[PDB]
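Novice: Dropping in run-v4.csv, with CSV, N, CA and C atoms.
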chain,number,residue,atom,x,y,z
A,1,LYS,N,95.9,112.9,93.6
A,1,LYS,CA,96.9,113.3,92.6
A,1,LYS,C,98.3,113.1,93.1
A,2,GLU,N,98.6,111.9,93.5
A,2,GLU,CA,99.8,111.4,94.1
A,2,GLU,C,100.8,111.0,93.0
A,3,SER,N,102.1,110.9,93.2
A,3,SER,CA,103.1,110.5,92.3
A,3,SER,C,103.1,109.0,92.2
A,4,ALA,N,102.0,108.3,92.3
A,4,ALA,CA,101.9,106.9,92.4
A,4,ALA,C,102.5,106.3,93.7
A,5,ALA,N,103.8,106.5,93.8
A,5,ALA,CA,104.7,106.0,94.9
A,5,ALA,C,104.0,106.2,96.3
A,6,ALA,N,103.6,107.4,96.7
A,6,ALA,CA,103.0,107.7,98.0
A,6,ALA,C,101.8,106.7,98.3
A,7,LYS,N,100.9,106.6,97.3
A,7,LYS,CA,99.8,105.8,97.4
A,7,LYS,C,100.2,104.3,97.5
A,8,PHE,N,101.0,103.8,96.5
A,8,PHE,CA,101.6,102.5,96.6
A,8,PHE,C,102.1,102.2,98.0
A,9,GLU,N,103.0,103.1,98.5
A,9,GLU,CA,103.5,103.0,99.9
A,9,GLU,C,102.3,102.8,100.9
A,10,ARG,N,101.4,103.8,100.8
A,10,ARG,CA,100.3,103.7,101.8
A,10,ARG,C,99.5,102.4,101.7
A,11,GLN,N,99.5,101.8,100.5
A,11,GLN,CA,98.9,100.5,100.2
A,11,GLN,C,99.8,99.3,100.6
A,12,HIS,N,101.1,99.5,100.9
A,12,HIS,CA,102.1,98.5,101.1
A,12,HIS,C,103.0,98.7,102.2
A,13,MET,N,103.8,99.8,102.3
A,13,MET,CA,104.6,100.1,103.4
A,13,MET,C,103.6,100.7,104.5
A,14,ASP,N,102.9,99.8,105.2
A,14,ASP,CA,102.0,100.1,106.3
A,14,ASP,C,102.8,100.8,107.4
A,15,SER,N,104.0,100.3,107.7
A,15,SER,CA,105.0,100.9,108.5
A,15,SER,C,105.0,100.5,110.0
A,16,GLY,N,106.1,100.7,110.7
A,16,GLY,CA,106.2,100.6,112.2
A,16,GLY,C,106.4,99.1,112.5
A,17,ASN,N,107.7,98.7,112.9
A,17,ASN,CA,108.0,97.3,113.3
A,17,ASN,C,107.1,97.0,114.5
A,18,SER,N,106.6,95.7,114.5
A,18,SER,CA,105.7,95.2,115.5
A,18,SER,C,105.6,93.6,115.2
A,19,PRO,N,106.4,92.8,115.9
A,19,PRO,CA,106.5,91.4,115.7
A,19,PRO,C,105.4,90.7,116.6
A,20,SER,N,104.1,91.0,116.3
A,20,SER,CA,103.1,90.4,117.1
A,20,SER,C,101.8,90.3,116.3
A,21,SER,N,100.6,90.1,116.9
A,21,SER,CA,99.3,90.2,116.3
A,21,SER,C,99.2,89.5,115.0
A,22,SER,N,98.6,90.1,114.0
A,22,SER,CA,98.5,89.7,112.6
A,22,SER,C,97.3,90.3,111.9
A,23,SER,N,96.1,89.7,112.2
A,23,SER,CA,94.8,90.1,111.8
A,23,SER,C,94.6,91.6,112.0
A,24,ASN,N,95.0,92.2,113.1
A,24,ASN,CA,94.7,93.6,113.5
A,24,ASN,C,95.3,94.5,112.4
A,25,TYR,N,96.6,94.5,112.1
A,25,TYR,CA,97.2,95.4,111.1
A,25,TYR,C,96.4,95.2,109.8
A,26,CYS,N,96.3,93.9,109.4
A,26,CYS,CA,95.7,93.4,108.2
A,26,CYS,C,94.4,94.2,107.9
A,27,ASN,N,93.4,94.1,108.8
A,27,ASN,CA,92.1,94.6,108.6
A,27,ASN,C,92.2,96.1,108.8
A,28,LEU,N,92.9,96.6,109.8
A,28,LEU,CA,93.1,98.0,110.2
A,28,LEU,C,93.5,98.8,109.0
A,29,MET,N,94.6,98.5,108.4
A,29,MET,CA,95.1,99.2,107.3
A,29,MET,C,94.1,99.2,106.2
A,30,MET,N,93.6,98.1,105.8
A,30,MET,CA,92.6,98.0,104.7
A,30,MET,C,91.4,98.9,105.0
A,31,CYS,N,90.9,98.9,106.2
A,31,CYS,CA,89.8,99.8,106.6
A,31,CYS,C,90.3,101.3,106.6
A,32,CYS,N,91.4,101.6,107.2
A,32,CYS,CA,92.0,102.9,107.2
A,32,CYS,C,92.1,103.5,105.8
A,33,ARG,N,92.6,102.8,104.9
A,33,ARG,CA,92.8,103.2,103.5
A,33,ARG,C,91.5,102.9,102.7
A,34,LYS,N,90.4,102.4,103.3
A,34,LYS,CA,89.2,102.0,102.8
A,34,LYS,C,89.3,101.3,101.4
A,35,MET,N,90.2,100.2,101.4
A,35,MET,CA,90.4,99.4,100.3
A,35,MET,C,89.4,98.2,100.3
A,36,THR,N,88.6,98.1,101.3
A,36,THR,CA,87.4,97.3,101.4
A,36,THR,C,86.2,97.9,100.7
A,37,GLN,N,86.5,98.3,99.4
A,37,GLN,CA,85.4,98.6,98.5
A,37,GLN,C,84.9,97.3,97.8
A,38,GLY,N,84.0,97.5,96.8
A,38,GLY,CA,83.3,96.5,96.0
A,38,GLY,C,83.8,95.0,96.2
A,39,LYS,N,85.1,94.8,95.9
A,39,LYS,CA,85.8,93.6,96.3
A,39,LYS,C,87.1,93.9,97.0
A,40,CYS,N,87.4,93.2,98.1
A,40,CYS,CA,88.6,93.4,98.9
A,40,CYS,C,89.8,92.7,98.4
A,41,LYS,N,91.0,92.9,98.9
A,41,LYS,CA,92.2,92.4,98.3
A,41,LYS,C,92.6,91.0,98.8
A,42,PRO,N,92.5,90.0,98.0
A,42,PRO,CA,92.7,88.6,98.5
A,42,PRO,C,94.1,88.4,99.1
A,43,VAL,N,95.1,89.1,98.6
A,43,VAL,CA,96.5,89.1,99.1
A,43,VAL,C,97.1,90.5,99.0
A,44,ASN,N,98.0,90.8,99.9
A,44,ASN,CA,98.8,92.0,99.9
A,44,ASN,C,99.9,92.0,101.0
A,45,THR,N,101.1,92.4,100.7
A,45,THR,CA,102.2,92.2,101.6
A,45,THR,C,102.6,93.5,102.3
A,46,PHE,N,102.3,93.6,103.6
A,46,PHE,CA,102.4,94.9,104.3
A,46,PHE,C,103.8,95.0,104.9
A,47,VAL,N,104.6,96.0,104.6
A,47,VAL,CA,105.9,96.2,105.2
A,47,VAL,C,105.7,97.0,106.5
A,48,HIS,N,106.5,96.6,107.5
A,48,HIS,CA,106.5,97.2,108.8
A,48,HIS,C,107.9,97.6,109.3
A,49,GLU,N,108.5,98.6,108.6
A,49,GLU,CA,109.8,99.0,108.9
A,49,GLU,C,110.0,100.5,108.4
A,50,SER,N,111.2,101.0,108.5
A,50,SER,CA,111.7,102.3,108.0
A,50,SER,C,111.3,102.6,106.5
A,51,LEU,N,110.3,103.4,106.3
A,51,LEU,CA,109.9,103.9,104.9
A,51,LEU,C,111.1,104.5,104.2
A,52,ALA,N,112.0,105.2,105.0
A,52,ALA,CA,113.2,105.7,104.4
A,52,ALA,C,114.0,104.6,103.7
A,53,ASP,N,114.1,103.4,104.4
A,53,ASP,CA,114.9,102.3,103.8
A,53,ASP,C,114.3,101.9,102.5
A,54,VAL,N,112.9,101.8,102.4
A,54,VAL,CA,112.2,101.4,101.2
A,54,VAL,C,112.7,102.2,100.0
A,55,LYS,N,112.8,103.5,100.1
A,55,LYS,CA,113.3,104.4,99.0
A,55,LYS,C,114.8,104.1,98.7
A,56,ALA,N,115.6,103.6,99.7
A,56,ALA,CA,116.9,103.1,99.5
A,56,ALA,C,116.9,101.8,98.8
A,57,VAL,N,116.2,100.8,99.2
A,57,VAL,CA,116.0,99.5,98.6
A,57,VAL,C,115.8,99.7,97.1
A,58,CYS,N,114.8,100.6,96.7
A,58,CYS,CA,114.6,101.0,95.3
A,58,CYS,C,115.9,101.3,94.6
A,59,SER,N,116.8,102.0,95.2
A,59,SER,CA,118.1,102.4,94.7
A,59,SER,C,119.2,101.6,95.3
A,60,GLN,N,119.0,100.3,95.5
A,60,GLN,CA,120.1,99.4,96.0
A,60,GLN,C,120.4,98.3,94.9
A,61,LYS,N,119.7,97.2,94.9
A,61,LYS,CA,120.1,96.0,94.1
A,61,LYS,C,119.0,95.5,93.2
A,62,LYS,N,119.1,95.8,91.9
A,62,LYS,CA,118.3,95.2,90.9
A,62,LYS,C,118.4,93.7,91.0
A,63,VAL,N,117.4,92.9,91.0
A,63,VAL,CA,117.4,91.5,90.8
A,63,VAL,C,116.5,91.1,89.6
A,64,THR,N,116.9,90.2,88.8
A,64,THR,CA,116.1,89.7,87.7
A,64,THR,C,115.0,88.8,88.4
A,65,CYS,N,113.8,89.4,88.5
A,65,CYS,CA,112.6,88.7,89.0
A,65,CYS,C,112.3,87.5,88.2
A,66,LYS,N,111.3,86.7,88.6
A,66,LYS,CA,110.9,85.4,88.0
A,66,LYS,C,110.2,85.6,86.6
A,67,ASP,N,110.7,86.5,85.8
A,67,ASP,CA,110.1,87.0,84.5
A,67,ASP,C,111.2,87.8,83.8
A,68,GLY,N,111.8,88.7,84.5
A,68,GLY,CA,112.7,89.7,84.0
A,68,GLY,C,111.9,91.0,83.7
A,69,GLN,N,110.8,91.2,84.3
A,69,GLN,CA,109.9,92.2,84.0
A,69,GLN,C,110.2,93.4,84.9
A,70,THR,N,109.7,94.6,84.5
A,70,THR,CA,110.0,95.9,85.2
A,70,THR,C,111.5,96.1,85.3
A,71,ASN,N,112.0,96.1,86.5
A,71,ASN,CA,113.4,96.3,86.9
A,71,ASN,C,113.5,96.2,88.4
A,72,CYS,N,112.9,95.1,88.9
A,72,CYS,CA,112.6,94.9,90.3
A,72,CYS,C,113.9,94.9,91.2
A,73,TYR,N,113.8,95.4,92.4
A,73,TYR,CA,114.9,95.7,93.3
A,73,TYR,C,114.7,94.9,94.6
A,74,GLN,N,115.7,94.0,95.0
A,74,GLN,CA,115.7,93.3,96.3
A,74,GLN,C,116.2,94.2,97.4
A,75,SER,N,115.6,94.2,98.6
A,75,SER,CA,116.1,94.9,99.7
A,75,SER,C,117.5,94.4,100.1
A,76,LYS,N,118.2,95.4,100.7
A,76,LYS,CA,119.6,95.2,101.3
A,76,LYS,C,119.6,94.0,102.2
A,77,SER,N,118.6,93.9,103.1
A,77,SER,CA,118.4,93.0,104.2
A,77,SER,C,117.0,92.5,104.2
A,78,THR,N,116.7,91.4,105.0
A,78,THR,CA,115.4,91.0,105.3
A,78,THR,C,114.7,92.0,106.1
A,79,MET,N,113.4,92.4,105.7
A,79,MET,CA,112.6,93.3,106.4
A,79,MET,C,111.4,92.6,107.0
A,80,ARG,N,110.8,93.2,108.0
A,80,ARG,CA,109.6,92.8,108.7
A,80,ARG,C,108.4,93.1,107.7
A,81,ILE,N,107.9,92.0,107.1
A,81,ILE,CA,106.6,92.1,106.4
A,81,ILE,C,105.5,91.3,107.1
A,82,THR,N,104.3,91.8,107.1
A,82,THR,CA,103.1,91.1,107.5
A,82,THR,C,102.4,90.8,106.2
A,83,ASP,N,102.5,89.5,105.7
A,83,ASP,CA,101.9,89.1,104.5
A,83,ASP,C,100.4,88.9,104.7
A,84,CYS,N,99.6,89.8,104.2
A,84,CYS,CA,98.1,89.9,104.4
A,84,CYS,C,97.4,89.1,103.4
A,85,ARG,N,96.4,88.3,103.9
A,85,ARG,CA,95.6,87.4,103.0
A,85,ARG,C,94.1,87.4,103.6
A,86,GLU,N,93.2,87.2,102.7
A,86,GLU,CA,91.8,87.0,103.1
A,86,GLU,C,91.6,85.5,103.4
A,87,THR,N,91.1,85.2,104.6
A,87,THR,CA,90.9,83.8,105.0
A,87,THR,C,89.6,83.3,104.3
A,88,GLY,N,89.5,82.0,104.2
A,88,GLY,CA,88.3,81.3,103.7
A,88,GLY,C,87.1,81.5,104.7
A,89,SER,N,86.8,82.7,104.9
A,89,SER,CA,85.9,83.3,105.9
A,89,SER,C,85.5,84.7,105.4
A,90,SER,N,86.4,85.4,104.7
A,90,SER,CA,86.2,86.7,104.2
A,90,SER,C,84.9,86.7,103.3
A,91,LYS,N,83.9,87.5,103.6
A,91,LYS,CA,82.6,87.6,103.0
A,91,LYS,C,82.2,89.0,102.8
A,92,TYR,N,82.7,89.7,101.8
A,92,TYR,CA,82.5,91.1,101.5
A,92,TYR,C,81.0,91.4,101.6
A,93,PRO,N,80.6,92.4,102.4
A,93,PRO,CA,81.4,93.5,103.0
A,93,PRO,C,82.1,93.0,104.3
A,94,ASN,N,81.7,91.9,104.9
A,94,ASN,CA,82.4,91.3,106.0
A,94,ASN,C,83.7,90.6,105.6
A,95,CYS,N,84.6,91.4,105.1
A,95,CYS,CA,85.9,90.9,104.7
A,95,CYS,C,86.7,90.5,105.9
A,96,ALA,N,87.5,89.5,105.9
A,96,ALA,CA,88.2,88.9,107.0
A,96,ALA,C,89.7,88.6,106.6
A,97,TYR,N,90.6,89.5,107.0
A,97,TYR,CA,92.0,89.4,106.7
A,97,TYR,C,92.8,88.8,107.9
A,98,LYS,N,93.9,88.1,107.5
A,98,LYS,CA,94.8,87.5,108.5
A,98,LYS,C,96.2,87.6,107.8
A,99,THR,N,97.2,88.1,108.6
A,99,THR,CA,98.6,88.3,108.2
A,99,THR,C,99.5,87.1,108.6
A,100,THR,N,100.6,87.0,107.8
A,100,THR,CA,101.7,86.1,108.2
A,100,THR,C,103.0,87.0,108.4
A,101,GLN,N,103.5,87.1,109.6
A,101,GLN,CA,104.7,87.8,110.0
A,101,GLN,C,105.9,87.0,109.4
A,102,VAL,N,106.7,87.6,108.5
A,102,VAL,CA,107.9,87.0,108.0
A,102,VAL,C,109.0,88.1,107.8
A,103,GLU,N,110.2,87.8,108.1
A,103,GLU,CA,111.4,88.6,107.9
A,103,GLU,C,112.1,88.2,106.5
A,104,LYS,N,111.7,88.8,105.4
A,104,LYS,CA,112.2,88.5,104.1
A,104,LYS,C,112.6,89.8,103.4
A,105,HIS,N,113.4,89.7,102.3
A,105,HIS,CA,113.8,90.9,101.5
A,105,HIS,C,112.6,91.3,100.7
A,106,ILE,N,112.0,92.5,100.9
A,106,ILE,CA,111.0,93.0,100.0
A,106,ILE,C,111.6,93.1,98.6
A,107,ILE,N,110.9,92.8,97.6
A,107,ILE,CA,111.3,93.0,96.2
A,107,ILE,C,110.4,94.1,95.6
A,108,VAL,N,110.9,95.3,95.5
A,108,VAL,CA,110.1,96.5,95.1
A,108,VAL,C,110.4,96.8,93.6
A,109,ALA,N,109.5,97.7,93.1
A,109,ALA,CA,109.6,98.1,91.7
A,109,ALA,C,109.8,99.6,91.7
A,110,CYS,N,111.0,100.1,91.4
A,110,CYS,CA,111.3,101.5,91.4
A,110,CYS,C,111.3,102.2,90.0
A,111,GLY,N,110.9,103.5,90.0
A,111,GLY,CA,110.9,104.3,88.8
A,111,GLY,C,110.3,105.7,89.1
A,112,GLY,N,109.8,106.4,88.1
A,112,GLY,CA,109.0,107.6,88.2
A,112,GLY,C,109.8,108.7,88.8
A,113,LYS,N,110.8,109.2,88.0
A,113,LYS,CA,111.8,110.2,88.4
A,113,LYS,C,111.2,111.4,89.3
A,114,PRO,N,111.8,111.8,90.4
A,114,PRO,CA,113.0,111.2,91.0
A,114,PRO,C,112.6,109.7,91.5
A,115,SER,N,113.6,108.8,91.3
A,115,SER,CA,113.3,107.4,91.4
A,115,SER,C,112.7,107.0,92.8
A,116,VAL,N,111.5,106.5,92.8
A,116,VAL,CA,110.8,106.1,94.1
A,116,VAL,C,110.1,104.8,93.8
A,117,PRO,N,109.9,103.9,94.8
A,117,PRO,CA,109.2,102.7,94.6
A,117,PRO,C,107.7,102.9,94.3
A,118,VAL,N,107.2,102.3,93.3
A,118,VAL,CA,105.8,102.5,92.8
A,118,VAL,C,105.0,101.2,92.7
A,119,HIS,N,105.7,100.0,92.8
A,119,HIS,CA,105.0,98.7,92.9
A,119,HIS,C,105.8,97.8,93.7
A,120,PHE,N,105.3,96.6,94.0
A,120,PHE,CA,105.9,95.5,94.7
A,120,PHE,C,105.9,94.3,93.7
A,121,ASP,N,106.9,93.4,93.8
A,121,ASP,CA,106.9,92.1,93.1
A,121,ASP,C,106.5,91.0,94.1
A,122,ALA,N,107.3,90.9,95.2
A,122,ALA,CA,107.2,89.7,96.1
A,122,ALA,C,108.2,90.0,97.3
A,123,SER,N,108.3,89.1,98.2
A,123,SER,CA,109.4,89.2,99.3
A,123,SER,C,110.1,87.9,99.4
A,124,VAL,N,111.5,87.9,99.3
A,124,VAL,CA,112.3,86.8,99.7
A,124,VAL,C,113.7,87.3,100.0
Turn this file's structure into structure tokens for me.

Specialist:
Amino acid sequence: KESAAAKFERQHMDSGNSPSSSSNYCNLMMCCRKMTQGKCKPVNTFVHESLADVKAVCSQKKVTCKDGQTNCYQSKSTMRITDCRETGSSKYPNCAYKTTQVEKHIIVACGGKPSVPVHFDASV
């Protein structure tokens, strides 16, 4: 019975800067949050930075996304994301995730008074 945001965050703001590894965080978080149910997540972008800033990003700069949908917000600065993907190897229940470390502006979706980020659009 989360306000969406908290769960969205735990699915996305993995947290803690770490410019290394890749696969480890990818599979670890998915396992930890047991999102490796019925079918696993072919793509998901894991943020590894100050969760406090995410709530600020939400309340920083609206950008018209590649649709003009929601009211998506671009981060102040480029943040550490580990862009997580299932390799052409992932075989549920033997799911196999691999991340791509990139420093890009997360594009988050804020709402749900008091305004908190509840979805993600993309990162650039």

Novice: Find the distance between atom CA of residue A:33 and atom CA of residue A:14 and write it in Å to one decimal.

Specialist: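 Taking atom CA of residue A:33 as the start and atom CA of residue A:14 as the end point, the length is 10.1 Å.
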
Novice: I'd like the contact shell of residue A:60 - 7 Å cut-off, only N, CA and C atoms, skipping same-chain residues fewer than 3 positions apart - returned as a ChimeraX atom specification.

Specialist: /A:55-57,73-76

Novice: May I ask which of the residues A:90, A:21, A:3, A:115 is the closest one to residue A:41, counting only C-alpha atoms?

Specialist: A:90

Novice: Smallest atom-to-atom distance to residue A:85: which of A:118, A:43, A:109, A:4, using only C-alpha atoms?

Specialist: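 Closest residue, counting only C-alpha atoms: A:43.
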
Novice: From the list A:40, A:122, A:106, A:54, which residue is nearest residue A:77 when using only N, CA and C atoms?

Specialist: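 Among the listed residues, A:106 lies closest to residue A:77.
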
Novice: When you count only C-alpha atoms, which of these residues is closest to residue A:16: A:66, A:61, A:80, A:34?

Specialist: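 Of A:66, A:61, A:80, A:34, the one nearest residue A:16, counting only C-alpha atoms, is A:80.
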
Novice: Report the residues of stretch 6-119 of chain A whose backbone DSSP state falls under strand (DSSP E or B), written as a PyMOL selection string.

Specialist: chain A and resi 43-47+61-62+73-74+79-86+91+94+97-104+106-111+116-119

Novice: By how many Å are atom N of residue A:23 and atom C of residue A:7 apart?

Specialist: 21.1 Å

Novice: I need the residues in chain A that are helix (DSSP H, G or I) according to DSSP; give them as a list in words.

Specialist: residues 5, 6, 7, 8, 9, 10, 11, 12, 23, 24, 25, 26, 27, 28, 29, 30, 31, 32, 51, 52, 53, 54, 55, 56, 57 and 58 of chain A

Novice: Taking 3 positions as the minimum chain separation for residues in the same chain, which residues sit within 7 Å of residue A:97 when counting all atoms listed in the file? Answer as a list in words.

Specialist: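 With the cut-off at 7 Å, the set is residues 22, 23, 24, 26, 27, 84, 85, 86, 87 and 90 of chain A.
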
Novice: Take the residues from that selection and write them out as an mmCIF file, keeping the file's coordinate frame, keeping N, CA and C atoms.

Specialist:
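Contents of selection-v9.cif, as written:
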data_model
loop_
_atom_site.group_PDB
_atom_site.id
_atom_site.type_symbol
_atom_site.label_atom_id
_atom_site.label_comp_id
_atom_site.auth_asym_id
_atom_site.auth_seq_id
_atom_site.Cartn_x
_atom_site.Cartn_y
_atom_site.Cartn_z
ATOM 1 N N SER A 22 98.600 90.100 114.000
ATOM 2 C CA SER A 22 98.500 89.700 112.600
ATOM 3 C C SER A 22 97.300 90.300 111.900
ATOM 4 N N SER A 23 96.100 89.700 112.200
ATOM 5 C CA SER A 23 94.800 90.100 111.800
ATOM 6 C C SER A 23 94.600 91.600 112.000
ATOM 7 N N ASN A 24 95.000 92.200 113.100
ATOM 8 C CA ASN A 24 94.700 93.600 113.500
ATOM 9 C C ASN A 24 95.300 94.500 112.400
ATOM 10 N N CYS A 26 96.300 93.900 109.400
ATOM 11 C CA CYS A 26 95.700 93.400 108.200
ATOM 12 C C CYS A 26 94.400 94.200 107.900
ATOM 13 N N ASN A 27 93.400 94.100 108.800
ATOM 14 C CA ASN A 27 92.100 94.600 108.600
ATOM 15 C C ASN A 27 92.200 96.100 108.800
ATOM 16 N N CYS A 84 99.600 89.800 104.200
ATOM 17 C CA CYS A 84 98.100 89.900 104.400
ATOM 18 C C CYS A 84 97.400 89.100 103.400
ATOM 19 N N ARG A 85 96.400 88.300 103.900
ATOM 20 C CA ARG A 85 95.600 87.400 103.000
ATOM 21 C C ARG A 85 94.100 87.400 103.600
ATOM 22 N N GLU A 86 93.200 87.200 102.700
ATOM 23 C CA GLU A 86 91.800 87.000 103.100
ATOM 24 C C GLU A 86 91.600 85.500 103.400
ATOM 25 N N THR A 87 91.100 85.200 104.600
ATOM 26 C CA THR A 87 90.900 83.800 105.000
ATOM 27 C C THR A 87 89.600 83.300 104.300
ATOM 28 N N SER A 90 86.400 85.400 104.700
ATOM 29 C CA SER A 90 86.200 86.700 104.200
ATOM 30 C C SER A 90 84.900 86.700 103.300
#
